[PDB]
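So this one's coords.json, JSON, C-alpha atoms:
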```
[["chain", "number", "residue", "atom", "x", "y", "z"],
["A", 1, "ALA", "CA", 15.73, -13.94, -25.75],
["A", 2, "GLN", "CA", 13.38, -10.99, -26.20],
["A", 3, "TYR", "CA", 13.33, -9.94, -22.55],
["A", 4, "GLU", "CA", 16.81, -10.13, -21.01],
["A", 5, "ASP", "CA", 18.19, -9.36, -17.55],
["A", 6, "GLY", "CA", 20.38, -6.31, -18.10],
["A", 7, "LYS", "CA", 18.34, -5.02, -21.03],
["A", 8, "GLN", "CA", 14.74, -4.02, -20.22],
["A", 9, "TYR", "CA", 15.28, -4.69, -16.52],
["A", 10, "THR", "CA", 17.82, -5.56, -13.88],
["A", 11, "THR", "CA", 17.56, -7.95, -10.96],
["A", 12, "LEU", "CA", 18.15, -6.86, -7.39],
["A", 13, "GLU", "CA", 21.20, -8.61, -5.96],
["A", 14, "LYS", "CA", 19.34, -8.45, -2.67],
["A", 15, "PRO", "CA", 15.57, -9.00, -3.21],
["A", 16, "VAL", "CA", 13.11, -7.16, -0.97],
["A", 17, "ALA", "CA", 10.62, -9.31, 0.91],
["A", 18, "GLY", "CA", 7.02, -8.16, 1.19],
["A", 19, "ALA", "CA", 7.41, -5.22, -1.19],
["A", 20, "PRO", "CA", 4.40, -3.84, -3.18],
["A", 21, "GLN", "CA", 3.73, -5.68, -6.49],
["A", 22, "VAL", "CA", 4.35, -2.64, -8.70],
["A", 23, "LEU", "CA", 6.22, 0.15, -6.94],
["A", 24, "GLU", "CA", 7.12, 3.46, -8.61],
["A", 25, "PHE", "CA", 9.32, 6.18, -7.07],
["A", 26, "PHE", "CA", 9.33, 9.81, -8.16],
["A", 27, "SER", "CA", 10.05, 13.36, -7.08],
["A", 28, "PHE", "CA", 8.11, 16.50, -7.94],
["A", 29, "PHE", "CA", 11.58, 18.05, -8.57],
["A", 30, "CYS", "CA", 12.44, 15.40, -11.14],
["A", 31, "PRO", "CA", 12.42, 16.57, -14.79],
["A", 32, "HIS", "CA", 12.05, 13.03, -16.19],
["A", 33, "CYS", "CA", 9.32, 12.32, -13.59],
["A", 34, "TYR", "CA", 7.36, 15.35, -14.85],
["A", 35, "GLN", "CA", 7.82, 13.91, -18.36],
["A", 36, "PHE", "CA", 6.73, 10.40, -17.18],
["A", 37, "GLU", "CA", 3.59, 11.84, -15.62],
["A", 38, "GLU", "CA", 2.36, 14.65, -17.86],
["A", 39, "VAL", "CA", 3.80, 13.79, -21.27],
["A", 40, "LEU", "CA", 4.44, 10.02, -21.28],
["A", 41, "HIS", "CA", 1.68, 8.97, -18.80],
["A", 42, "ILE", "CA", 3.67, 5.89, -17.79],
["A", 43, "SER", "CA", 1.73, 4.98, -14.64],
["A", 44, "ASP", "CA", -1.60, 5.02, -16.44],
["A", 45, "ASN", "CA", -0.41, 2.92, -19.35],
["A", 46, "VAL", "CA", 1.28, 0.38, -17.09],
["A", 47, "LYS", "CA", -2.01, 0.07, -15.16],
["A", 48, "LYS", "CA", -3.95, -0.57, -18.37],
["A", 49, "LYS", "CA", -1.83, -3.63, -19.02],
["A", 50, "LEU", "CA", -1.54, -5.06, -15.53],
["A", 51, "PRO", "CA", -3.09, -8.46, -14.73],
["A", 52, "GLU", "CA", -5.98, -9.02, -12.44],
["A", 53, "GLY", "CA", -5.34, -8.24, -8.81],
["A", 54, "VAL", "CA", -2.15, -6.27, -9.21],
["A", 55, "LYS", "CA", -2.21, -2.89, -7.51],
["A", 56, "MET", "CA", 0.27, -0.10, -8.19],
["A", 57, "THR", "CA", 1.98, 1.89, -5.52],
["A", 58, "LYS", "CA", 3.71, 5.21, -5.99],
["A", 59, "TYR", "CA", 5.99, 6.86, -3.43],
["A", 60, "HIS", "CA", 7.70, 10.25, -3.26],
["A", 61, "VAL", "CA", 11.41, 10.54, -2.37],
["A", 62, "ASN", "CA", 13.50, 12.98, -0.29],
["A", 63, "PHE", "CA", 16.88, 13.22, -1.99],
["A", 64, "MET", "CA", 15.92, 15.90, -4.49],
["A", 65, "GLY", "CA", 15.12, 19.46, -3.49],
["A", 66, "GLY", "CA", 16.49, 19.59, 0.04],
["A", 67, "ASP", "CA", 14.07, 20.90, 2.65],
["A", 68, "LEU", "CA", 11.22, 21.27, 0.10],
["A", 69, "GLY", "CA", 11.85, 17.71, -1.07],
["A", 70, "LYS", "CA", 11.07, 16.39, 2.42],
["A", 71, "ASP", "CA", 8.00, 18.65, 2.62],
["A", 72, "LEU", "CA", 6.83, 17.14, -0.66],
["A", 73, "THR", "CA", 7.24, 13.58, 0.62],
["A", 74, "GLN", "CA", 5.10, 14.52, 3.64],
["A", 75, "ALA", "CA", 2.52, 16.19, 1.39],
["A", 76, "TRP", "CA", 2.47, 13.10, -0.83],
["A", 77, "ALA", "CA", 1.80, 11.12, 2.36],
["A", 78, "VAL", "CA", -1.12, 13.53, 2.99],
["A", 79, "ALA", "CA", -2.36, 12.93, -0.59],
["A", 80, "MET", "CA", -2.27, 9.14, -0.05],
["A", 81, "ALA", "CA", -3.97, 9.31, 3.38],
["A", 82, "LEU", "CA", -6.81, 11.46, 1.97],
["A", 83, "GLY", "CA", -6.99, 9.67, -1.40],
["A", 84, "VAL", "CA", -6.55, 12.86, -3.44],
["A", 85, "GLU", "CA", -3.44, 11.91, -5.46],
["A", 86, "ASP", "CA", -5.23, 12.55, -8.75],
["A", 87, "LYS", "CA", -6.13, 16.07, -7.70],
["A", 88, "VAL", "CA", -2.71, 17.29, -6.62],
["A", 89, "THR", "CA", -0.23, 15.45, -8.83],
["A", 90, "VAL", "CA", -0.47, 17.81, -11.83],
["A", 91, "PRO", "CA", -0.57, 21.12, -9.93],
["A", 92, "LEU", "CA", 2.32, 19.96, -7.71],
["A", 93, "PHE", "CA", 4.43, 19.03, -10.76],
["A", 94, "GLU", "CA", 3.56, 22.34, -12.45],
["A", 95, "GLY", "CA", 3.95, 24.41, -9.28],
["A", 96, "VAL", "CA", 7.47, 23.06, -8.77],
["A", 97, "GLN", "CA", 8.70, 22.76, -12.35],
["A", 98, "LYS", "CA", 6.59, 24.93, -14.69],
["A", 99, "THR", "CA", 5.42, 28.03, -12.82],
["A", 100, "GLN", "CA", 7.84, 27.74, -9.90],
["A", 101, "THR", "CA", 5.19, 28.99, -7.53],
["A", 102, "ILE", "CA", 5.99, 26.30, -4.97],
["A", 103, "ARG", "CA", 8.78, 27.49, -2.72],
["A", 104, "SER", "CA", 7.49, 26.50, 0.71],
["A", 105, "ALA", "CA", 5.33, 24.13, 2.74],
["A", 106, "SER", "CA", 2.66, 26.88, 2.64],
["A", 107, "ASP", "CA", 2.69, 26.98, -1.19],
["A", 108, "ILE", "CA", 2.35, 23.19, -1.21],
["A", 109, "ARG", "CA", -0.66, 23.49, 1.08],
["A", 110, "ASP", "CA", -2.19, 26.12, -1.26],
["A", 111, "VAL", "CA", -2.35, 23.44, -3.99],
["A", 112, "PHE", "CA", -4.43, 21.21, -1.72],
["A", 113, "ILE", "CA", -6.69, 24.13, -0.71],
["A", 114, "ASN", "CA", -7.16, 25.17, -4.36],
["A", 115, "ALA", "CA", -7.95, 21.51, -5.13],
["A", 116, "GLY", "CA", -10.78, 21.65, -2.59],
["A", 117, "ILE", "CA", -9.21, 19.84, 0.36],
["A", 118, "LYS", "CA", -10.32, 21.75, 3.46],
["A", 119, "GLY", "CA", -7.62, 23.59, 5.40],
["A", 120, "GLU", "CA", -8.52, 21.99, 8.70],
["A", 121, "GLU", "CA", -8.51, 18.55, 6.99],
["A", 122, "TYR", "CA", -5.16, 19.18, 5.36],
["A", 123, "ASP", "CA", -3.52, 20.41, 8.58],
["A", 124, "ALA", "CA", -4.90, 17.56, 10.73],
["A", 125, "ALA", "CA", -3.49, 15.06, 8.19],
["A", 126, "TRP", "CA", -0.13, 16.90, 7.85],
["A", 127, "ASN", "CA", 0.45, 16.64, 11.60],
["A", 128, "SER", "CA", -1.05, 13.14, 12.02],
["A", 129, "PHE", "CA", 0.78, 10.02, 13.16],
["A", 130, "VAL", "CA", -0.86, 8.16, 10.29],
["A", 131, "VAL", "CA", 0.97, 10.51, 7.94],
["A", 132, "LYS", "CA", 4.28, 10.21, 9.84],
["A", 133, "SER", "CA", 4.17, 6.41, 9.30],
["A", 134, "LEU", "CA", 3.23, 6.85, 5.65],
["A", 135, "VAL", "CA", 6.34, 9.04, 5.33],
["A", 136, "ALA", "CA", 8.29, 6.22, 6.97],
["A", 137, "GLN", "CA", 6.81, 3.59, 4.59],
["A", 138, "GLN", "CA", 7.95, 5.68, 1.60],
["A", 139, "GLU", "CA", 11.42, 6.14, 3.07],
["A", 140, "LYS", "CA", 11.70, 2.44, 3.99],
["A", 141, "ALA", "CA", 10.69, 1.31, 0.50],
["A", 142, "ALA", "CA", 13.36, 3.55, -1.09],
["A", 143, "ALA", "CA", 16.06, 2.51, 1.37],
["A", 144, "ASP", "CA", 15.21, -1.18, 0.84],
["A", 145, "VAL", "CA", 15.99, -1.03, -2.89],
["A", 146, "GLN", "CA", 19.00, 1.24, -2.35],
["A", 147, "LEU", "CA", 17.39, 3.88, -4.56],
["A", 148, "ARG", "CA", 19.69, 6.62, -5.89],
["A", 149, "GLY", "CA", 17.74, 7.83, -8.91],
["A", 150, "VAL", "CA", 14.21, 8.58, -10.11],
["A", 151, "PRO", "CA", 12.00, 7.83, -11.93],
["A", 152, "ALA", "CA", 12.25, 4.22, -10.93],
["A", 153, "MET", "CA", 9.96, 1.23, -10.96],
["A", 154, "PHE", "CA", 10.31, -2.09, -9.16],
["A", 155, "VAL", "CA", 8.35, -5.30, -9.65],
["A", 156, "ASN", "CA", 7.73, -7.67, -6.69],
["A", 157, "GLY", "CA", 10.79, -6.34, -4.87],
["A", 158, "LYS", "CA", 12.96, -8.27, -7.27],
["A", 159, "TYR", "CA", 13.17, -6.48, -10.63],
["A", 160, "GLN", "CA", 13.96, -2.87, -11.56],
["A", 161, "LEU", "CA", 12.90, -1.35, -14.86],
["A", 162, "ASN", "CA", 15.76, -0.27, -17.11],
["A", 163, "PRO", "CA", 14.19, 2.33, -19.46],
["A", 164, "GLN", "CA", 17.67, 3.12, -20.79],
["A", 165, "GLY", "CA", 17.58, -0.30, -22.46],
["A", 166, "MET", "CA", 14.46, 0.61, -24.46],
["A", 167, "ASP", "CA", 13.67, 2.73, -27.56],
["A", 168, "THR", "CA", 13.07, 6.54, -27.23],
["A", 169, "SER", "CA", 12.66, 7.97, -30.74],
["A", 170, "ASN", "CA", 8.97, 7.25, -30.58],
["A", 171, "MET", "CA", 7.39, 8.31, -27.31],
["A", 172, "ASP", "CA", 4.33, 6.09, -27.73],
["A", 173, "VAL", "CA", 6.51, 3.05, -28.46],
["A", 174, "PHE", "CA", 8.68, 3.66, -25.42],
["A", 175, "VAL", "CA", 5.61, 3.76, -23.20],
["A", 176, "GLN", "CA", 4.18, 0.48, -24.51],
["A", 177, "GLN", "CA", 7.60, -1.12, -24.25],
["A", 178, "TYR", "CA", 7.84, 0.07, -20.65],
["A", 179, "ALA", "CA", 4.31, -1.17, -19.88],
["A", 180, "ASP", "CA", 4.86, -4.52, -21.61],
["A", 181, "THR", "CA", 8.06, -5.09, -19.66],
["A", 182, "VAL", "CA", 6.18, -4.48, -16.41],
["A", 183, "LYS", "CA", 3.50, -6.98, -17.47],
["A", 184, "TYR", "CA", 6.16, -9.54, -18.40],
["A", 185, "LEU", "CA", 7.99, -9.11, -15.08],
["A", 186, "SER", "CA", 4.64, -9.21, -13.32],
["A", 187, "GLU", "CA", 3.88, -12.67, -14.73],
["A", 188, "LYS", "CA", 7.43, -13.93, -14.27]]
```
Can you dump the structure from the file as structure tokens?
Amino acid sequence: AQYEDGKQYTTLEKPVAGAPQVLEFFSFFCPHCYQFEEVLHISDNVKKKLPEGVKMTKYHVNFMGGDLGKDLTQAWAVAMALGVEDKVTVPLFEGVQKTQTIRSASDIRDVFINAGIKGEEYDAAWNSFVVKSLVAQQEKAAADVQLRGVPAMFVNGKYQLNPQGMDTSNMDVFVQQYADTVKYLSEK
């Protein structure tokens, strides 16, 4: 066929019940993730092609960057709890990978302060039980799909995107192929 298991996607041997409809994992330490977000804009182009009523979820992961990696997963939980993802995503990516000005939990916090999140608001969220559970949701989702690499995208807890099995000489074409595969899997 055109879309084939093992080409544009793989199927989880052990499907995940109740998973988000479109789930992406990433790390702010992840060179391809930085590419996916700033250069390729994968999330935004997938969203443009998603059917009615399908929401996209994006979680941070721990296994890159050691102690800072965990701090970033907790900060991403803060970003989700406060709804400021679109204010911190770029400076976090650039702080970690471009300027290398993010070396501690304090430097992470600086990004939120510079983005206009109040210090007292940031700290109350950072320490909150709501954020501890949102950390746990991210960790659970990754564990459930036995995630060992990022970027990664999963559809309905059953299918995993296989970007390796797509074209990459044209960036634009890769992105639409990625987005179209998500739409196809979405309707499957």
Need the shell around range 166-178 of chain A: protein/DNA/RNA residues with any atom at most 9 Å away, counting all atoms listed in the file. Skip same-chain ones fewer than 4 positions apart. Format as a compact mmCIF listing (two decimals) with C-alpha atoms, keeping the file's coordinate frame?
```txt
# COMPACT_ATOMS: atom_id res chain seq x y z
CA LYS A 7 18.34 -5.02 -21.03
CA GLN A 8 14.74 -4.02 -20.22
CA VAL A 39 3.80 13.79 -21.27
CA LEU A 40 4.44 10.02 -21.28
CA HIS A 41 1.68 8.97 -18.80
CA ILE A 42 3.67 5.89 -17.79
CA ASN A 45 -0.41 2.92 -19.35
CA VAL A 46 1.28 0.38 -17.09
CA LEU A 161 12.90 -1.35 -14.86
CA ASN A 162 15.76 -0.27 -17.11
CA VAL A 182 6.18 -4.48 -16.41
CA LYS A 183 3.50 -6.98 -17.47
```
Residues of range 112-185 of chain A within 8 Å of range 59-80 of chain A: nearest atom pair and distance (Å, one decimal) for each, counting only C-alpha atoms, sorted by chain and number, as CSV?
```
residue,atom,partner,partner_atom,distance
A:122,CA,A:78,CA,7.3
A:125,CA,A:78,CA,5.9
A:126,CA,A:78,CA,6.0
A:131,CA,A:77,CA,5.7
A:132,CA,A:74,CA,7.6
A:134,CA,A:77,CA,5.6
A:135,CA,A:77,CA,5.8
A:138,CA,A:59,CA,5.5
A:139,CA,A:61,CA,7.0
A:142,CA,A:61,CA,7.4
```
Could you turn the residues from that selection into a file that holds C-alpha atoms, as a compact mmCIF listing (two decimals), in the frame of the given file?
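Result written to out_34.txt:
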```txt
# COMPACT_ATOMS: atom_id res chain seq x y z
CA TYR A 122 -5.16 19.18 5.36
CA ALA A 125 -3.49 15.06 8.19
CA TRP A 126 -0.13 16.90 7.85
CA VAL A 131 0.97 10.51 7.94
CA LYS A 132 4.28 10.21 9.84
CA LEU A 134 3.23 6.85 5.65
CA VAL A 135 6.34 9.04 5.33
CA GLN A 138 7.95 5.68 1.60
CA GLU A 139 11.42 6.14 3.07
CA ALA A 142 13.36 3.55 -1.09
```
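Going from CA of residue 186 in chain A to CA of residue 163 in chain A covers 16.2 Å.
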Do a neighbour search on residue 48 in chain A at 9 Å with only C-alpha atoms, toss out local chain neighbours closer than 4 positions, and write the hits as a list in words. residues 43, 44 and 179 of chain A
At what distance in Å, to one decimal, does CA of residue 87 in chain A lie from CA of residue 115 in chain A? 6.3 Å
Contacts of residue 159 in chain A at 6 Å or less, counting only C-alpha atoms, minus same-chain residues fewer than 6 places along, as a PyMOL selection string? chain A and resi 10-12
Between A:120, A:144, A:52, A:107, which is the closest to residue 15 in chain A once you count all atoms listed in the file?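 Result for the nearest residue to residue 15 in chain A: A:144.
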Given only C-alpha atoms as the basis, pick out the residue of A:20, A:51, A:116, A:95 nearest to residue 153 in chain A. A:20
Could you tell me how far CA of residue 17 in chain A sits from CA of residue 29 in chain A, in Å to one decimal place?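 Going from CA of residue 29 in chain A over to CA of residue 17 in chain A covers 29.0 Å.
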Need to verify the contact set: residue 47 in chain A, 9 Å, only C-alpha atoms, exclusion of same-chain residues closer than 6 positions in sequence. Can you return it as a list in words?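 Near residue 47 in chain A, the qualifying residues are residues 54, 55, 56 and 179 of chain A.
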With distances taken over only C-alpha atoms, which residue among A:128, A:152, A:117, A:18 lies nearest residue 58 in chain A? A:152
Please provide as JSON, numbers by chain all residues within 12 Å of residue 100 in chain A, with the sequence filter that same-chain residues fewer than 6 positions apart are discarded (counting all atoms listed in the file). {"A": [28, 29, 91, 92, 93, 94, 107, 108]}
In terms of the shortest atom-to-atom distance over only C-alpha atoms, which of A:81, A:25, A:30, A:146 is closest to residue 121 in chain A? A:81
For range 103-175 of chain A of the block above, can you save C-alpha atoms as a PDB file, in the first residue's frame?
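Output saved as part33.pdb:
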```pdb
ATOM      1  CA  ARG A 103      22.961  25.226  33.641  1.00  0.00           C
ATOM      2  CA  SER A 104      20.707  25.076  36.694  1.00  0.00           C
ATOM      3  CA  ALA A 105      17.148  25.083  38.031  1.00  0.00           C
ATOM      4  CA  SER A 106      17.692  28.810  38.742  1.00  0.00           C
ATOM      5  CA  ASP A 107      18.585  29.521  35.083  1.00  0.00           C
ATOM      6  CA  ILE A 108      15.462  27.626  34.031  1.00  0.00           C
ATOM      7  CA  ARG A 109      13.409  29.800  36.364  1.00  0.00           C
ATOM      8  CA  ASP A 110      15.005  32.945  34.867  1.00  0.00           C
ATOM      9  CA  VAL A 111      13.411  32.027  31.512  1.00  0.00           C
ATOM     10  CA  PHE A 112       9.966  31.994  33.116  1.00  0.00           C
ATOM     11  CA  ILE A 113      10.655  35.302  34.926  1.00  0.00           C
ATOM     12  CA  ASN A 114      11.934  36.932  31.711  1.00  0.00           C
ATOM     13  CA  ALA A 115       8.805  35.595  29.975  1.00  0.00           C
ATOM     14  CA  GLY A 116       6.676  37.481  32.509  1.00  0.00           C
ATOM     15  CA  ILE A 117       5.607  34.662  34.824  1.00  0.00           C
ATOM     16  CA  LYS A 118       5.766  36.091  38.341  1.00  0.00           C
ATOM     17  CA  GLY A 119       8.392  34.641  40.668  1.00  0.00           C
ATOM     18  CA  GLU A 120       5.927  33.849  43.417  1.00  0.00           C
ATOM     19  CA  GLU A 121       3.639  32.185  40.833  1.00  0.00           C
ATOM     20  CA  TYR A 122       6.477  30.153  39.377  1.00  0.00           C
ATOM     21  CA  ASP A 123       7.735  28.972  42.783  1.00  0.00           C
ATOM     22  CA  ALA A 124       4.264  28.061  44.084  1.00  0.00           C
ATOM     23  CA  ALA A 125       3.712  25.954  40.939  1.00  0.00           C
ATOM     24  CA  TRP A 126       7.224  24.384  41.055  1.00  0.00           C
ATOM     25  CA  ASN A 127       6.581  23.096  44.581  1.00  0.00           C
ATOM     26  CA  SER A 128       2.892  22.215  44.043  1.00  0.00           C
ATOM     27  CA  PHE A 129       1.353  18.756  44.250  1.00  0.00           C
ATOM     28  CA  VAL A 130      -0.473  19.512  41.015  1.00  0.00           C
ATOM     29  CA  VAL A 131       2.932  19.823  39.364  1.00  0.00           C
ATOM     30  CA  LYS A 132       4.288  16.660  41.055  1.00  0.00           C
ATOM     31  CA  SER A 133       1.409  14.669  39.492  1.00  0.00           C
ATOM     32  CA  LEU A 134       1.946  16.321  36.116  1.00  0.00           C
ATOM     33  CA  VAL A 135       5.575  15.148  36.358  1.00  0.00           C
ATOM     34  CA  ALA A 136       4.224  11.682  37.129  1.00  0.00           C
ATOM     35  CA  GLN A 137       1.809  11.775  34.137  1.00  0.00           C
ATOM     36  CA  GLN A 138       4.734  12.598  31.824  1.00  0.00           C
ATOM     37  CA  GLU A 139       6.864   9.824  33.301  1.00  0.00           C
ATOM     38  CA  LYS A 140       3.983   7.318  33.159  1.00  0.00           C
ATOM     39  CA  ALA A 141       3.235   8.094  29.514  1.00  0.00           C
ATOM     40  CA  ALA A 142       6.899   7.531  28.554  1.00  0.00           C
ATOM     41  CA  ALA A 143       7.210   4.338  30.590  1.00  0.00           C
ATOM     42  CA  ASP A 144       3.962   2.997  29.081  1.00  0.00           C
ATOM     43  CA  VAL A 145       5.324   3.124  25.522  1.00  0.00           C
ATOM     44  CA  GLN A 146       8.771   1.927  26.614  1.00  0.00           C
ATOM     45  CA  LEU A 147      10.303   5.123  25.243  1.00  0.00           C
ATOM     46  CA  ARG A 148      14.081   5.092  24.674  1.00  0.00           C
ATOM     47  CA  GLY A 149      14.471   7.891  22.135  1.00  0.00           C
ATOM     48  CA  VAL A 150      13.178  11.355  21.249  1.00  0.00           C
ATOM     49  CA  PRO A 151      11.654  13.013  19.332  1.00  0.00           C
ATOM     50  CA  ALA A 152       8.814  10.567  19.297  1.00  0.00           C
ATOM     51  CA  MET A 153       5.141  10.682  18.488  1.00  0.00           C
ATOM     52  CA  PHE A 154       2.404   8.173  19.303  1.00  0.00           C
ATOM     53  CA  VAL A 155      -1.142   7.992  17.984  1.00  0.00           C
ATOM     54  CA  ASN A 156      -3.959   6.593  20.188  1.00  0.00           C
ATOM     55  CA  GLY A 157      -1.480   4.589  22.255  1.00  0.00           C
ATOM     56  CA  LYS A 158      -1.156   2.174  19.372  1.00  0.00           C
ATOM     57  CA  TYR A 159       1.050   3.633  16.628  1.00  0.00           C
ATOM     58  CA  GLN A 160       4.504   5.236  16.715  1.00  0.00           C
ATOM     59  CA  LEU A 161       5.728   7.552  13.976  1.00  0.00           C
ATOM     60  CA  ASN A 162       8.752   6.287  12.065  1.00  0.00           C
ATOM     61  CA  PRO A 163      10.308   9.455  10.543  1.00  0.00           C
ATOM     62  CA  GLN A 164      13.281   7.362   9.425  1.00  0.00           C
ATOM     63  CA  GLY A 165      10.944   5.763   6.878  1.00  0.00           C
ATOM     64  CA  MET A 166      10.188   9.134   5.264  1.00  0.00           C
ATOM     65  CA  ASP A 167      12.001  11.545   2.882  1.00  0.00           C
ATOM     66  CA  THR A 168      14.507  14.154   4.248  1.00  0.00           C
ATOM     67  CA  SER A 169      16.101  15.930   1.276  1.00  0.00           C
ATOM     68  CA  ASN A 170      13.300  18.434   1.299  1.00  0.00           C
ATOM     69  CA  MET A 171      12.484  19.720   4.763  1.00  0.00           C
ATOM     70  CA  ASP A 172       9.017  20.962   3.796  1.00  0.00           C
ATOM     71  CA  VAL A 173       8.133  17.611   2.221  1.00  0.00           C
ATOM     72  CA  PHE A 174       9.271  15.684   5.281  1.00  0.00           C
ATOM     73  CA  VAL A 175       7.044  17.796   7.496  1.00  0.00           C
TER      74      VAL A 175
END
```
